[PDB]
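Below, in structure tokens: the form deposited in one PDB entry, a single chain.
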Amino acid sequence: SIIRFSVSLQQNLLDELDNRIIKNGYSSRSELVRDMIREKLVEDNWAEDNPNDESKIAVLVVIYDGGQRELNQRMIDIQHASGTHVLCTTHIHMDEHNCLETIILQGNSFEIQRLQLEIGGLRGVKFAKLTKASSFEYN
């Protein structure tokens, strides 16, 4: 249940990929490609069909100035308006002007990606990255 298949490609592309792995942490080529395939297949899945589907899972990671007035509440307001469901939030108080949150979200692809974009655009948000999951990965 862990299959091998061969990929054909011109030696120049393989080396291009190999050159790029020399400066990369990636333990191995197969591992890099496997993870690229996963990432791309998830992206493709998130790009399609129904806005009726309210069942994608994702995690939004944010670093922001929790000392800034209105900022936390603006994030809450945006999440409330998005239609997404927050399953759980973990918050670390890093210092006077930095908080890290991991926000576990469920909802449709649109609602979730829009939440990331809106939050990432706020003054005082220093970092906002979404981790996507697709059902083929866990069902």
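Numbering starts at 1 and runs along the sequence shown. Only residues modelled in both forms are compared. If you superpose the two forms and keep the largest set of C-alpha atoms that fall within 1.5 Å, you have the rigid core.
The form deposited in another entry is left out here; the points below concern that form.
Visitor: How about residue 61 - superposed on the rigid core, does its CA move between the shown form and the other one by 2 Å or more?
Guide: No, because once the rigid core is superposed, the C-alpha of residue 61 moves less than 2 Å between the shown form and the other one.
Visitor: So, superposing on the core, is the move of residue 33 at the CA at least 2 angstroms between the shown form and the other one?
Guide: After core superposition, the displacement of the residue 33 C-alpha between the shown form and the other one reaches the 2 Å mark, so yes.
Visitor: Does the C-alpha of residue 94 move 2 Å or more between the shown form and the other one once the rigid core is lined up?
Guide: Result for residue 94: yes, a 2 Å-plus shift.
Visitor: Can you confirm the direction of the Cα distance change for residue 36 and residue 121 in that other deposited form, closer or farther than in this form, given it is 3 Å or more?
Guide: Compared with the form shown here, the C-alpha atoms of residue 36 and residue 121 sit closer together in that other deposited form, by 3 Å or more.
Visitor: Looking only at residues in both forms, which consecutive runs of at least three have C-alphas displaced 2 Å or more between the shown form and the other one after fitting the rigid core?
Guide: CA shift runs, sequence order: 1-44, 48-54, 94-97.
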